[PDB]
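Shown next are two forms of a single protein chain, provided one at a time as structure tokens under the names structure 1 and structure 2.
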Structure 1
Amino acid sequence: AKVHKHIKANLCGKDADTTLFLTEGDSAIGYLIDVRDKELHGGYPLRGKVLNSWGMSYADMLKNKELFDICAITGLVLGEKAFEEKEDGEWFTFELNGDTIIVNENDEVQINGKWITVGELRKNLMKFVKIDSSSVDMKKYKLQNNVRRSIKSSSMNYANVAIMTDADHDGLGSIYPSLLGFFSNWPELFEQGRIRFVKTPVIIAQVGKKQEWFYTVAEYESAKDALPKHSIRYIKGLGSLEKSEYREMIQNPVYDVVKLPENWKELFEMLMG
């Protein structure tokens, strides 16, 4: 079918790094419309806190409008794997930035914020060491955050999902960790870091005509004196941002790519209750 509040991307459902933004509130979605690019960035507004998704039946979560639309837009379905990885093949080891890295012939490498295929790196005159599969350290292979397997077939409409919430709602209620608890039902998103969270700056300091963004108060207090004559404004939420800063934050984003720890299931029964 279709979702009303959802704003589709031009290449949504195709092979591109299309992102879906889960804005908190219906107001920020207008800024998203104005500043996004039509090809990649999607969008969907969340009005309030999404209901808890921990220890509940799939029908119960499917009752919620927001969760149902999230599943519809993302192409995600509860209880089924988000995507199927490519079959394991020849293993190759190389030295990247002085560090030994073990990958397959069908893996993705995170270099300078961009994911590069193994075939592209091979075509880039980079030395590759063929290693037998039985003589490969799987524990070290799975510990590398910059290595992820390439997806053969995926039902996901969007490559990534970005969360974008107010900065004064992190503990006085919660909208972010509830979304994380819902997304935890597909761990493969976190294992490749699909689920992300853009960092809305906490303090925006206008140094003359330029702008400097501080993502925590401590950073600003440390850098307050070294800065020149400037004025600051506490960005207590997305609505406190102007359109130009919203564009500078969407087109040039910084992502808190969340990682699931070894016991994330136990850690989620802490704030849910």
Structure 2
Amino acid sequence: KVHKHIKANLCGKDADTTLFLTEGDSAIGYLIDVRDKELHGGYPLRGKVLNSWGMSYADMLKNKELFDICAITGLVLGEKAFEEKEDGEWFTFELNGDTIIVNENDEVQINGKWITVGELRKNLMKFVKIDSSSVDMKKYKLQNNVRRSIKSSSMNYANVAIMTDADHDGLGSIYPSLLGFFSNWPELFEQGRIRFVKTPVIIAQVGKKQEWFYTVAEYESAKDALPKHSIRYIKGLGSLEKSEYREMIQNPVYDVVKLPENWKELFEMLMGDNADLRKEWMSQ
């Protein structure tokens, strides 16, 4: 029951809820008026997030922002965030001309919505029963649109959309620091539940048409191709009009974050207490 939490009306219920982690109170004021009012949350952090890499959970749950993230979403350190259903019969079907191997208790990402295997079976879709020993696990785990259904959860929410500013600090010192903090629950990344809302950094309008560039590097690659324009570099999320805020909230461009096999070394390189790794990484 933290102070600055915009609770969704189906928080503690089984629904496709989302929690938005803006980094300040100035980024939240326009979110209230543009939520889904049913599956949307909000909590303002306080600037640069504490470097969560390497500290024990006792010291980890001492910063106010990390403690409130834990209290809101229900994630507790040192314990997992959700258990999966027991493996059963494996079924293979052809979705959009692509062979897909799932179980009888999996979730399928179709048109931005997760549909149960039972629902697809009830939708007059052909299913091929395949023995478990004759199932390619490597191909099964490579499908980003397939995830296992949870038996039980404590994560009040079902999605944590990190929505920070697009300044270099917001994308470089705060985004891949909340990423490092949430790396303590790799199941969140495996299920495609940790997302980043693509907030434009530069809204360069030409004539009567507005173009959105989500990174400064994207702008510099199209600075000489677009017509004459007035660059509007938004420093923070609170510098966006209500119309643009509502458009980018109700028509979001997420970035579902997944970890590679060597994510631990990648996070140690950027967050660990060894400047030589950063020196080598930067000069390349």
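For residue numbers, the reference is structure 1: its sequence is counted from 1. The term rigid core refers to the maximal set of C-alpha atoms that superpose within 1.5 Å between the two forms.
Splitting the chain into two rigid parts between structures 1 and 2 separates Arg149 from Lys210. The interdomain rotation between structures 1 and 2, with the chain split into two rigid parts and fitted on C-alpha atoms, amounts to 21°. In the core-aligned comparison between structures 1 and 2, the Cα atom of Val202 sits 3.1 Å away from its counterpart.
Summarising the core-aligned comparison between structures 1 and 2, the C-alpha atom of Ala226 is found to shift 8.6 Å. Relative to the superposed core, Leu46 moves its CA by 1.1 Å between structures 1 and 2.
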